[PDB]
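Notes to accompany the following structure.
Think of it as A, B, C, D and E in the order they're written, each chain with its own count starting at 1.
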Amino acid sequence: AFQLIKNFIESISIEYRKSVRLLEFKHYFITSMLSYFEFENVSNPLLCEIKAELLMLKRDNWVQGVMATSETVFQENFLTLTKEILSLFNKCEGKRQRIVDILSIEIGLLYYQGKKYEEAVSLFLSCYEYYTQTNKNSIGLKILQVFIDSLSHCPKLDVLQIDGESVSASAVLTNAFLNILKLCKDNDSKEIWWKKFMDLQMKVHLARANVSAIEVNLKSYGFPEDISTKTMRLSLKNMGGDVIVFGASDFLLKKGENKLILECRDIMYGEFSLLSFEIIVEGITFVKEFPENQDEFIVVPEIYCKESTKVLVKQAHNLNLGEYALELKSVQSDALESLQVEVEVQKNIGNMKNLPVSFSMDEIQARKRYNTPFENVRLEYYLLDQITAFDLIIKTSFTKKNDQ
Amino acid sequence: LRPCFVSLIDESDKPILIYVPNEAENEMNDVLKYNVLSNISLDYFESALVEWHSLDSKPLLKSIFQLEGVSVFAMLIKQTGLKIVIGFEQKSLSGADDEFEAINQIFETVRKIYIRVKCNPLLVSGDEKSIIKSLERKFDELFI
Amino acid sequence: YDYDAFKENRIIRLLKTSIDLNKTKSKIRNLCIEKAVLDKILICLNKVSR
Amino acid sequence: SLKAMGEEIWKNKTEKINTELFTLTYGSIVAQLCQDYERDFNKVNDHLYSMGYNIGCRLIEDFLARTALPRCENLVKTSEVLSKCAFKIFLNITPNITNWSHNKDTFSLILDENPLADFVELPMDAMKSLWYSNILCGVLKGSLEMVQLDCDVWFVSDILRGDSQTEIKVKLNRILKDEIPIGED
Amino acid sequence: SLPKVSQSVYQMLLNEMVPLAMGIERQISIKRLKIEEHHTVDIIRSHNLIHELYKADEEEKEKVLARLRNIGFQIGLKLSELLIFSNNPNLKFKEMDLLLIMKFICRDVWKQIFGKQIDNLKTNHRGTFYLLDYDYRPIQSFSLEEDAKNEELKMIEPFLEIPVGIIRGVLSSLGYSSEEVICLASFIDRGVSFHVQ
């Protein structure tokens, strides 16, 4: 019947053709205030207050529309009392929990109309976030755009104790979220003026999520005792950076962590790097799956855990193009078992170590499966010992230092 | 008669489209207006004062609120959970019932044109770039 | 298969397969001419004699 | 002659809805070939052709069973019966016959509406790599050879990629023979 | 009423996505050939393509049968919205019971694919609803040789994996993913069976 009264509130508003007289219809809203006392039958209930608060909200909107031809600061000091009373009425024992966040943001928009006071929206991260990547992509842009100037303007860097992050970390997360949710072309002033502060304040402990800049792969080739290592092509989202980016291929028992670099000046789209890698592990084995981290360290580890179990199987096999390595052969032997290891030597010299690996201890150079490490060795001879010997395994880790 | 925003909300409360049909206006000036109204109109579907019954093949229209001189009108079709909310400005309403049924056939056009591109049998299934940028080039055809 | 390496033939391979080896050659960066020569050599040594 | 008998077969034939089915079915089995190949589009035409062949070769005996027709020889008669009592019986539509060649050979098959690409919007990556209704070239190539002709069909343009119409330029290349029932004594 | 096209081209389309399924799995790219305008297309037809499934390796057959329910899934979850625009009254999306949507499907989907009801429905009250039809429409016209009836049921068993996908699609239109099996279940006078989960 209040809905029928809302139909009555839809009635005279249908028959309104004078905005000075319709403010007297706002006095009919005062008569709805004389219905607001005439709808009350008790003190408090959930559904009673939920039915009660909406007519007061419509009267508050009519009172806001009453000042359309403009009490100097009395409106901007006093409307928050009725707004907080309406939010307290609609905070009564029902799941109407987007009225609370929108009413708190409506109070925060008038707090920013004053001096840049103590914040409630920026207070709690999630609260201020309000499902940034779950709600929409417009309301939270302004709900972060006010909070960015609120945390920037107040100039006191002791944050709230939901989590004491009393630094530029919360404003850097706000800058990253606002740059992620922006338009591409028009956000240069939004990018630079909040990317400049984290250069000077490099807290620089950030673990981002990489939705701004994307990546894609290609084939893998060789280099001068080095791996060309999957000459990737990246996208672009902002002006520039300087990152020592590295990918991470990882097999079923190790992690290559190849495709590294030192410097980058990525500004243009289809970035199309080369990512030359030393330290080519696993003898360039074919089962190196892509953990696909691509941790582009633009003064922060802006990683991307692009993981699956798709078995696309980045192979990236080896090549022998007159580069220094080491081999294993056991020719010119006597009547007992041995081994030998010759290296295609070069100028710079460093160490290597060989280890046996089986279910039992099959080979035994010492009493146990030893190392026999050496520096600047061309060819030598290593013996073995007794087991059920047909074919054992080996691993010859060679820190050669021909590269870095 | 000519709306000022349309909006479609999925099975969850995630918005599929919050679309303004007078797109790049002189009074663009924010998109917050016609957005916080949709965010409160999802909350007005579990308000107990209004209720949508569950017996008929043709789901029903409602007149939920008015704010900013913009009236909203909402449907919950009950089967694919589709919460569809529209707005008009206040003095374009005449108060009659022929425009009310014209609003109902505005709904029966826009429900049809969403379920057509829900059944476009070449898209990958999701809320990608393709579905929104097909919905806008059909709504620019409907609303000039 | 060395049982007919000294009976009217030499280099006659036994019953292995070649589609998995061709898939491994395709999954690396092998060129079309090198894969042509290697597939021609494995095709000749699918059944041969010397 | 024919168009009376076409509606006469449209009074004793089993029917169902052409919207909400069959555009769904053909679009689902082209979405499978879109995702099965894994987003490549110049191959799905050469699988839909090879599927339409096999669906046309068995359709032709049903179409000769419904209406008692002789073996057509010239391209007056095939072009008359395709526009009047093949597509009218099976798909409720009718084409029209333009772009006629010299020496009575190669014509076009402009389709007015199309209940295979009906209410379909085609994505931007296949503006120049896909033919949508290329089960129709399958049914024409695998159906016209089974009345002992030999033809060639191809789409020329489509409404989805291009403002011009959906037309199939069917070419007579040769007419096959009947074979004599032994090699020899 | 509605615009209509003929059933005999649709049923013959509906019979043969299983040669399409083996021509999409076996052909990843005695077989024959044909030509078009300076091209060729390598062809294999249906009698020599369902019979590659009687000689199927077990991971290959089970890789095929996911695709048939994927086809059925796409046509079901595309079909349900247009059947909602047909009428589909008095049921909801979360849908706390199950018999009111099993009353929906036999009266409202299976009439629009096959022209009649699922004429039997058995109610295990913990959520296993048996849907039995006696004469299923596309398998009206398939038979093997002169009394070789044992070796044709296992031959024709891919053809029931379209209404696995149909009832997966019209229930993923109403929320979730379920588990489905099929039976044959012959009649009592002049069969098929589907569960729910």
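Some points to look at:
Simple rule for what comes next: a residue touches a chain if its C-beta (ideal position, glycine included) is under 8 Å from a C-beta of that chain, and two chains touch if they have at least 3 such contacts.
Shared contact partners of subunit A and subunit E comprise B. Highest C-beta contact pair count among chain pairs: D-E. Among the remaining chains, C is positioned farthest from subunit B, on the basis of C-alpha centroids. Put simply, the C-alpha centre of subunit B and that of subunit D have 41 angstrom between them. If you average the Cα atoms of subunit A and of subunit D, the two centres end up 53 Å apart.
Chain geometry summary: the mean Cα position of subunit B and that of subunit E are 36 Å apart.
Rounded to a whole number, the gap between the C-alpha centres of subunit B and subunit C is 66 angstrom. Residue positions of subunit A touching 2 or more other chains: there are none.
The set of subunit B residues that touch two or more partner chains comprises 119, 121.
Within subunit D, contacts with two or more other chains are made by residues 24, 26-28, 31. Each chain pair that touches appears in this list: A-B, A-C, B-D, B-E, D-E.
Contacts from subunit B toward subunit D in the complex involve residues 116-117, 119-124, 130, 134. On the side of subunit D, the complex with subunit E involves touching residues 13-22, 24-29, 31-33, 36, 43, 46-47, 49-51, 53-55, 57-59, 62, 89-92, 115, 141, 152, 154.
Residue ranges on subunit D touching subunit B, taken from their complex, read 23-24, 26-28, 30-31, 34-35, 119-123, 126. Contact residues on subunit E toward subunit B in their complex (touch as defined above): 74, 78, 81-82, 84-85, 87-93, 173-175.
On the subunit C side of its complex with subunit A, the touching residues are 24, 27-29.
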